[PDB]
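Read the structure below first, then the notes.
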Amino acid sequence: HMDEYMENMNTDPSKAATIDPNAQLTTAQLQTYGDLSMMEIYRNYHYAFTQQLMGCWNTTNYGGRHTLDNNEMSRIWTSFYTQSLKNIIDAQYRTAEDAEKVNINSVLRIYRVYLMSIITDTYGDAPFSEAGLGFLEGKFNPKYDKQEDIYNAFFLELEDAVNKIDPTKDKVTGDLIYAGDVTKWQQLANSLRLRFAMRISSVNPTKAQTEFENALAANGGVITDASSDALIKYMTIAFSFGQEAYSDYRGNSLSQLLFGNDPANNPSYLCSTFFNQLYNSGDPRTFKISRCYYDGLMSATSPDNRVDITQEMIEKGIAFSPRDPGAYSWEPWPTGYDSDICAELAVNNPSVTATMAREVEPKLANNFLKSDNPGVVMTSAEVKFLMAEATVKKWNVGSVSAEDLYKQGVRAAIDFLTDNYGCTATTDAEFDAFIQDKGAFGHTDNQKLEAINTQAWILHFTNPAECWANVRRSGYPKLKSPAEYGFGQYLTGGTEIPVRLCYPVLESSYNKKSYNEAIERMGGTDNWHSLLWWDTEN
Ligand SMILES: [Mg+2]
Ligand SMILES: [Mg+2]
């Protein structure tokens with residue numbers, strides 16, 4: 001089926017919805033979190049590997065118990081190379097060096113870098129420079145570019161893009177991140193430069209510092225307040241898991257999937273690592289991100305009519321039972337209680353029970369289960385954390401103290417929930433009480449890097465690609481294998497939490513030489529325990 005492979009991996013004008021560059025951008029943006037098939041990878045792997053969710057069958061089975069599954073691992077590769085990245089490549093190619101299309105071209109180059117970053121931060125070496133060119137240039141069988149070289153190209157592409165943007169030129173018309181404000185595109189591009197500079201800070205400290213400092217000084221500057229956060233706009237659409245929903249990117253499919261195809265039996269239960277970080281630190285977001293719900297009246301298609309038992313649990317002294325890494329909602333079975341709230345519901349309703357069991361395991365709050373939840377690309381809060389870490393590393397990034405940058409990042413991360421998810425606001429007094437106690441910055445460099453990156457991990461909950469990248473890069477939080485929680489007997493894929501995903505096996509058939517050459521650079525095996533180039537330690 002080389003024919004289908006070739007058709008699917010290159011933009012075919014005769015079959016493609018459109019080759020208009022502005023339209024290509026719109027559809028690529030929506031795909032990022034709108035592709036319901038692709039989002040399975042995050043529920044299956046990332047959210048377990050970062051120990052944020054655990055207990056849903058899918059999360060625990062795949063990532064929580066290290067089940068290697070080449071088809072499940074393939075989703076980012078397939079989805080991006082056969083749709084958004086290929087289409088962005090086609091659009092970029094057609095607008096390159098056209099003086100009348102410098103803004104759309106520059107924006108395409110920025111978003112091309114962003115999508116490619118997700119691919120390389122998942123798999124390592126991957127097609128980039130030669131990708132998507134079969135119909136444009138007759139160039140098939142693209143080489144897998146080395147990750148080091150991909151990162152070099154990120155910095156160069158982003159720099160050139162910010163230098164070519166000119167608000168006097170072409171209008172960017174279907175842009176669901178910034179409604180064509182190309183100044184905000186410059187801010188995003190320079191912020192991505194910060195992200196990628198910090199990413200390479202362990203493997204190449206000299207280059208990291210230089211790129212970080214270059215980005216701060218670059219045309220348009222960086223994202224310095226939340227109004228320039230890069231968030232893809234999604235519409236409210238009913239959640240459907242019928243066959244036609246898999247081609248509908250209008251709604252946030254990550255939110256759909258975290259609600260679930262089986263929402264009553266397999267909701268998004270929180271992992272103990274994350275719930276306990278929040279709860280034990282008195283984090284104001286504990287019960288903004290999570291609640292305990294009884295779902296006996298909840299429909300199969302939306303998180304309406306759930307019964308919030310969180311406050312009753314607290315009043316009655318019932319312990320929350322978040323899921324350790326490796327645990328299912330049913331294993332170990334939690335200690336429950338008889339609910340007064342649910343007993344009232346049970347009056348003259350045989351559907352309902354008053355006896356809570358798995359309802360004592362914290363669940364993702366309804367605010368994060370909406371079709372119109374944003375698609376998070378990058379935030380001002382993250383920029384603050386990157387600046388804080390650069391400052392601890394003694395880079396030359398301005399006059400603000402590392403501690404103040406850190407505190408600004410935490411405040412922004414908390415406010416992000418208020419502004420974008422309808423969560424209850426956090427007051428100055430609440431913020432100060434937290435930052436003065438368990439949210440404090442710390443005294444030693446290691447304490448400070450731990451605080452920064454732990455706070456980043458919480459911020460990246462809604463951005464699982466970046467969450468997993470930053471956990472691997474920074475080493476924080478320090479996570480233990482499911483083996484350390486009692487689940488070692490089940491870890492078929494090996495004891496250690498995976499640090500990358502393997503290449504799709506069909507690459508062996510359809511791009512064999514390139515595939516074999518990439519695998520040879522890792523020593524000749526394709527192993528999800530192999531560290532990526534930027535990832536210097538497990
Ligand atoms: Mg690492
Ligand atoms: Mg070998």
Side-chain angles (χ1 to χ4, degrees), residues 1-17 19 24 27-28 31-32 35-42 44-45 62 67-94 112-113 115-150 153 243 246-247 249 465 493 498 500-528 530 532-533:
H1 295 197
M2 175 60 79
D3 47 330
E4 290 173 42
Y5 183 83
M6 287 179 44
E7 180 65 18
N8 290 342
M9 302 282 279
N10 304 277
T11 297
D12 179 347
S14 76
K15 293 255 193 297
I19 56 157
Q24 295 274 53
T27 302
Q31 195 189 2
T32 307
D35 185 336
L36 182 61
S37 175
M38 198 182 90
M39 297 302 96
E40 298 183 22
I41 205 169
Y42 295 137
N44 286 348
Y45 287 128
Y62 290 108
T67 304
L68 190 80
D69 183 309
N70 188 267
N71 286 347
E72 296 302 332
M73 290 189 294
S74 69
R75 300 287 184 116
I76 285 164
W77 187 286
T78 295
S79 287
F80 284 175
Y81 282 118
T82 64
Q83 292 177 67
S84 53
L85 184 68
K86 141 199 112 172
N87 289 146
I88 293 291
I89 290 170
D90 180 277
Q92 194 286 146
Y93 198 96
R94 296 177 193 283
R112 178 167 70 174
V113 163
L115 296 180
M116 188 68 218
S117 74
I118 298 176
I119 298 174
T120 190
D121 293 349
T122 305
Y123 304 99
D125 296 1
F128 185 31
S129 66
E130 297 191 347
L133 294 183
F135 307 152
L136 293 155
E137 291 192 352
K139 175 65 182 186
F140 295 87
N141 300 124
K143 68 189 175 78
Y144 291 24
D145 290 354
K146 296 181 167 117
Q147 182 173 80
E148 181 167 20
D149 295 326
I150 292 169
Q243 174 220 255
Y246 287 88
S247 72
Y249 305 157
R500 64 178 282 273
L501 302 184
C502 308
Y503 296 120
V505 295
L506 281 182
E507 290 287 302
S508 185
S509 298
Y510 298 126
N511 197 11
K512 185 182 295 298
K513 285 188 177 56
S514 299
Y515 172 87
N516 287 336
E517 290 172 19
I519 287 170
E520 175 60 34
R521 295 177 201 125
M522 293 186 288
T525 64
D526 188 10
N527 191 322
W528 67 349
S530 186
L532 299 172
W533 167 78

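We number each residue from 1, following the sequence as shown.
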Discussion item. Once rounded to the nearest 0.5 Å, what's the spacing between atom OH of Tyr81 and atom CD1 of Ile119?
Written reply: 4.0 Å

Worksheet item: Distance from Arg521 atom CZ to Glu517 atom CD, nearest 0.5 Å?
Response: 6.5 Å

Worksheet entry | Short side-chain to backbone donor-acceptor contact, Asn44 and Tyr62, under 3.5 Å | no

Worksheet item: Does a salt bridge link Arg500 with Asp526, judged by any charged N lying under 4.0 Å from a carboxylate O?
Response: yes

Worksheet item: Distance only, no hydrogens: is a donor on one side chain within 3.5 Å (strictly under) of an acceptor on the other, for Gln83 and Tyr249?
Response: yes

Worksheet item: Are side-chain heavy atoms of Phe128 and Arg112 found at a separation under 4.5 Å?
Response: yes

Discussion item. Could you check whether any side-chain heavy atom of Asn511 comes within less than 4.5 Å of a side-chain heavy atom of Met9, counting everything from C-beta outward?
Written reply: no

Worksheet entry | Over all atoms of both residues, closest heavy-atom pair of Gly132 and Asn10 | C-OD1, 3.3 Å

Worksheet item: Within the side chain of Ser508, is there an N or O that forms a donor-acceptor pair under 3.5 Å with the backbone of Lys512?
Response: no

Worksheet item: Should the pair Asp90-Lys86 be classified as a salt bridge under the 4.0 Å nitrogen-to-oxygen rule?
Response: no

Worksheet item: Can you find a side-chain donor-acceptor pair between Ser514 and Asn141 that sits under 3.5 Å?
Response: no

Worksheet entry | Test item: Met116 and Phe80 side chains (from C-beta on) under 4.5 Å apart, heavy atoms | no

Worksheet item: Rounded to the nearest 0.5 Å, how far apart are CD of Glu520 and OG1 of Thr525?
Response: 10.0 Å

Discussion item. Go through it in stages, so that I can follow the logic: the residues are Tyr45 and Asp69, the test is side chain to side chain contact (heavy atoms under 4.5 Å, CB included), and I'd like the CA-CA distance, side-chain angles, deciding distance and then a yes or no.
Written reply: CA-CA 10 Å; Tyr45 287 128; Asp69 183 309; 3.6 Å; yes

Discussion item. Do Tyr123 and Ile76 have side chains that approach each other closer than 4.5 Å (heavy atoms only, starting at C-beta)?
Written reply: yes

Practice prompt. Output the distance between atom OH (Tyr93) and atom OG1 (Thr11), rounded to the nearest 0.5 Å.
Written response: 13.0 Å

Worksheet item: Going by atom types only, do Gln31 and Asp35 share a side-chain donor-acceptor pair under 3.5 Å?
Response: yes

Discussion item. A side-chain contact here means heavy atoms from C-beta on lying under 4.5 Å apart; do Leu501 and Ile41 qualify?
Written reply: yes

Worksheet item: So, does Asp145 use its side chain to make a donor-acceptor pair with the main chain of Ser129 at under 3.5 Å?
Response: yes

Response to the item:
Taking every heavy atom of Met522 against every heavy atom of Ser530, the minimum-distance pair comes out as SD-OG, 4.1 Å

Item to complete: Look up atom CD1 in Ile19 and atom CZ in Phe135, then write down how far apart they are to the nearest 0.5 Å.
Response: 13.0 Å

Fill in: Non-hydrogen atoms of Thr122 and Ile118 that approach each other most closely
OG1-O, 2.6 Å

Discussion item. How long is the straight-line distance from CZ of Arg94 back to CG of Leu136, given to the nearest 0.5 Å?
Written reply: 5.5 Å

Worksheet item: Sub-3.5 Å donor-acceptor pair from the side chain of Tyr510 to the main-chain atoms of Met6, do we have one?
Response: no

Worksheet item: Do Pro127 and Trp77 have side-chain heavy atoms sitting under 4.5 Å apart?
Response: yes

Worksheet item: Going by heavy atoms in the side chains, are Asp121 and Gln147 under 4.5 Å from each other?
Response: yes

Fill in: Pair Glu7 + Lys15: basic N to acidic O under 4.0 Å
no

Worksheet item: Minimum heavy-atom separation for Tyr503 to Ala518, with atom names?
Response: OH-CB, 3.9 Å

Item to complete: Please check if atom NZ in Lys143 has more than 12 non-hydrogen atoms from other residues, nucleotides or ligands closer than 6.0 Å.
Response: yes

Worksheet item: Can you name the residues that form a side chain to side chain donor-acceptor pair (under 3.5 Å) with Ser14, not counting sequence neighbours?
Response: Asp12

Practice prompt. Compare all side-chain heavy atoms of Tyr5 with those of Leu506 and state whether any distance is below 4.5 angstrom.
Written response: no

Response to the item:
Heavy atoms of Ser509 and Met2 approach each other most closely as O-CE, 4.4 Å

